[PDB]
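Chain lettering (A, B, C, D, E, F and G) follows the sequence in which the chains are written, and residue indices restart at 1 in each chain.
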Amino acid sequence: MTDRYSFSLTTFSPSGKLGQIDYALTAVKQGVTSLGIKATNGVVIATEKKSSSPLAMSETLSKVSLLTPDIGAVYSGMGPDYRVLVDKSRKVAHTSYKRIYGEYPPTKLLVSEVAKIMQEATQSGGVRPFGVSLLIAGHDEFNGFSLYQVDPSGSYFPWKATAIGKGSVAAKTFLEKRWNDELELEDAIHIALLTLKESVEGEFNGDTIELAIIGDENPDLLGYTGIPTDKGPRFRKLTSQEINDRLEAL
Amino acid sequence: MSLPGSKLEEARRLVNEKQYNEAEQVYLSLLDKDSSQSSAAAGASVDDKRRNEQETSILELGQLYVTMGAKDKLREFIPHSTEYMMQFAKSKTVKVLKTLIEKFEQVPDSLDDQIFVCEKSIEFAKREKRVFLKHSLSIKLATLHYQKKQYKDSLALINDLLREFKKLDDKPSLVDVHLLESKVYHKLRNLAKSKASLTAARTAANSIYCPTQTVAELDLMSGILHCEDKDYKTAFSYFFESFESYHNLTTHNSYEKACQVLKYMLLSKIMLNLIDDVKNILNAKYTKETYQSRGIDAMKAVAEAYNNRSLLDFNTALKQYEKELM
Amino acid sequence: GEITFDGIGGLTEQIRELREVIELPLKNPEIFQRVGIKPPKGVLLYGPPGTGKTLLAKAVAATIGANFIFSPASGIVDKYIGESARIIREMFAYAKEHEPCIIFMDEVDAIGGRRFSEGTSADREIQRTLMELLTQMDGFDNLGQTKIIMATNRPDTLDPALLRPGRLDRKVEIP
Amino acid sequence: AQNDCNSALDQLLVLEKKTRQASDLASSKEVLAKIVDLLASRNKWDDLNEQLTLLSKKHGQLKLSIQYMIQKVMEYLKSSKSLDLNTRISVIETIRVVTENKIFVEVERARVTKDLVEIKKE
Amino acid sequence: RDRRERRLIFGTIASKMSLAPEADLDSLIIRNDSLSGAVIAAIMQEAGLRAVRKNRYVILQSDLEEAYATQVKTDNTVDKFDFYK
Amino acid sequence: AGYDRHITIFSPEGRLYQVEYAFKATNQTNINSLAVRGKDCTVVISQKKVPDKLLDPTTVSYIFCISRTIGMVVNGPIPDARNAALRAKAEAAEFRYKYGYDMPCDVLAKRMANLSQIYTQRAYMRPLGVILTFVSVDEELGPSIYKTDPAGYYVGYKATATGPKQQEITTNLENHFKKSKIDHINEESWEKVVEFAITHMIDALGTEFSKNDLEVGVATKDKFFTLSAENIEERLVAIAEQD
Amino acid sequence: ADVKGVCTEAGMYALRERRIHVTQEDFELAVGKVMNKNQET
């Protein structure tokens, strides 16, 4: 009685592929257009906000989560897989670093920690592997601003701009052409709305874009108005009005 | 005071109380002197916050100046004050540069004056990093030539701009030029050339997201070619599409657009011999609006002059209604 | 029909849907014509034949005084040149003369399959039949005083052509 | 005076229970004849008409009971003419039991329309 | 069919049947995203036909809406996909 | 492994067969629900029927009171509904000891979603079929409606519906809210809030229902209560008092 | 096979503009059309 399932559910096929990773990727291709840009004077990430219903809050909805204070992530794939994964990433990041080295994990180090979760899950049976791909966009004061891709298997590679979801390749073409480093964060926000207007047609607004930047400070993001002791967050998610203001700014 | 916002209010009061020329003296003095917040950029003033307000003074003068023949002074001022904007951000230069030629063309009255400003904006823009949209401004010059009655000269420029566009991703501009390229062709007597060009504007329009109004405007041209190349039925059907959509826009349709579709709609029926249906448009007021003008009265008069088999009645409308109608 | 429509009431829901698609255009073309949207095409009854589907089909015919045309779908399967073309043609021509009419197609899988497995043995006779029905429909001849009603237990051996609007548009289910 | 009015009102609350709104008791003109004729007696016919019209918007022992009573009162309104003539209009727009939408069938239904329409033409 | 394309199909079938200043296209553009030209024409045509069987001569934006909502589903399926909601 | 619907693992297409079938035929159990927000209340109306005269309909429950203040409306069957109830109840209670505070709708929703997801990846468990709508009048947000659905997806609402009269309910509330420029109506007494609910209900599902055919659950500040049978008729007669 | 497609796509351009030959121009535009397809999202 009870489970006995310990046989791996991810297995090799005659070609050298892994059935479960192939499947999972189809889901990711069909998922919501997300991109990431390093502006060099920041990092701007944008993703599609969506609504389920007009009578539905989209405050609760999670399309951009802060993994650690200076770092945000966005994705294309399977929403439920994303939500749990964010949780295990937040937990280990807090317990194992935030009073051990006395600060957040470096971006590359955090990409490896995610990578490991996904790989445990691919090796081991009882459970199928995560079906997701992430774009982890970040700042760490020992590597600047970074952009990574995290694949479903947990393969990762460095990027300085990319897009995943539906309609990626052409989105990368517009981004490649418009930005080539040394660019204001504001300007990268403008370029990003332009790339996505061409990418999404039928109805387009800044109330269907959810935009976050890592690329600012306020005293409010030290979390106190007194005498500094540390630097604190640089994650800031914008409200819908601010985004419409940048849509009005040519 | 001497700060920018106070000097906006005081100069504005100078227009009302006296004249634009008096206000202009104040505006010039706000550049020349009067210490203002943040870094200088005139040797005494801003030209950032100073420039957003500068859009507003150029505008205030600019409508009157082309009509007045005070044009020359309007013509000088913008070129001198462009080099201010260069000393601020990329975005600031982009926003101001593009506006100015459009501001003038909301109330045009000196085609010449408008042409002259625009050519310096095209040289000036090159000094930043912008060479994408200098052709987009070359459409603005082209519309002015069209109006001068220089179709031949416009033809020679317009094509070259079309070629640039499709490998710089200036795809929203492409719809604009294709429609204009058609108007040029139509006048030169190349009825064939106009349809083909228009079909390209149509492919281009559906490539991208765009306003409701743009889409309907090409369809207005489509129905206009379909009266000159026959098939009054097909002309009917687009003008129908334009008019339904403007009904749902209600009274938020712009004035020229709504009026021109309606002038055309009534006409297409008269040629088609659906005489009864001009009288139905006339009674209807969601499909005619509140509008009465000489045009609407002429169409009613001809369509009726048509039904009775009456030549006297035709001549009568032709003549009273003539300036607007013809 | 040989059984009444008001007498089989308690089958009420099905009765009303069937009245509103069939009776009103047949008696009064004039209303459908004024709006400028065509009269209804073809109707499907789907769900059990053994619950008294069959009773309903006869019953609708009884109130209109329409000519009830019962068809064995297999019998439309003669193995000779064109006998099979000829029957579809006769059935339609006679419907127009003897209009109003119900043309009732008993278990549609044999004149409106999907293919056995994508393969063929005899499932090309099925295609020959099926193109003829789609052709009359698509045609210049229009369904409005000739009504065709298809019946089958399952919708999972109807052709995709039929399931597409404009060869059936009304789909009544037995609740 | 009050007592006879009460026997109409209390007997109305008995009748509301009585009526038929599910498979309960039973749908009778017998009760409604007691209310409408003896309220006409307590009061007058015009007064009866306004109060009755509001009561009809709720139950009514199946609406044919109400439709029959509406025709009698109507004949009195017409007989007197003036503002009661106006009152016929008001009553017929308020409730539909003589221009009935629960069923389309009846002779009383038609009759009550023909009299209103004739006065309007005239 | 892109957004400018669907828009035309609602208009063209809408000409053929009863219409009034209520026959709001703006509503419709949100309601339909990229279905074939066959499909858009099929639906717009059916809805005028269905309203008239419900014993309505008039067609409104309200009328198209009530016909559509009936045809599209009879079972309840929660949002769209499992990929995004 | 095995197959994609003999055990829970990805489909060929990257879909999950089990979550989509969990959406469909768990609301067709003769259940239809709506929830709307008051001014200082939250109202739920939900269908709830008994097919025997021999089935005591008190024990019949599909609005549950999770705590003294928290309610959870389940759409879907009683075997599933009690697996989710046991979890909900436990979570509520645990929260109360450990964090010292009453359980918000949103926190409960989020926790249950993540848990269902884990059971979705498992090859020896199922996702539950149930759709869970968690209601109270929080003192940290006002009247609240938060709904989880079975895929590990969950999201907050201001007004929601489930069962295939979703479109009807939505449209009536949407037009109404666009006109009034608010998504909450203003009225103090619970009574007037239930009347507002019924108005939109009756129009939308096109029918009215008996006392024992309804079950109405009301959230108030620091209480959740279900309306007795007479109390649910009182309201249906009270609109008809107006008529 | 694409080199054969380029000529046939170039030809529809020539045909529309009512020429009795194809030109170099048509061929560049035709190459642009094929490249567009290869890049698919």
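One rule holds for everything that comes next: contacts are C-beta pairs under 8 Å (C-beta built on N, C-alpha and C of every residue); 3 or more make two chains touch, one makes a residue touch a chain.
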item	value
Other chains in touch with both subunit C and subunit F	E
Per-chain Cα centre nearest the global Cα centre, belonging to chain	E
Subunit D and subunit G, separation of their C-alpha mean positions in angstrom	84
For subunit F paired with subunit G, centre-to-centre distance based on mean C-alpha positions, whole Å	60
Distance between chain centroids, defined by C-alpha means - subunit A, subunit C (Å)	56
Rounded Å distance between subunit C and subunit E, as computed from the means of their C-alpha atoms	26
Touching two or more other chains - residues of subunit B	209
Multi-partner residues of subunit D (each touching 2 or more other chains)	none
Multi-chain contact residues (two or more partners), subunit E	2-3, 79, 82-83, 85
Residue ranges of subunit E touching subunit F (in the complex, touch as defined)	65, 69, 73-79, 82-83, 85
Residue numbers on subunit E that touch subunit C, as the complex places them	16-18, 38, 42-43, 45-46, 48-49, 52-54, 57, 59
Subunit A - residues contacting subunit B, complex	174, 177, 184, 186-187, 190, 197-198, 200-202, 204, 249-250
Of subunit G, residues touching subunit A in the complex	39-41
Interfacial residue positions of subunit F with respect to subunit D in the complex	240, 243
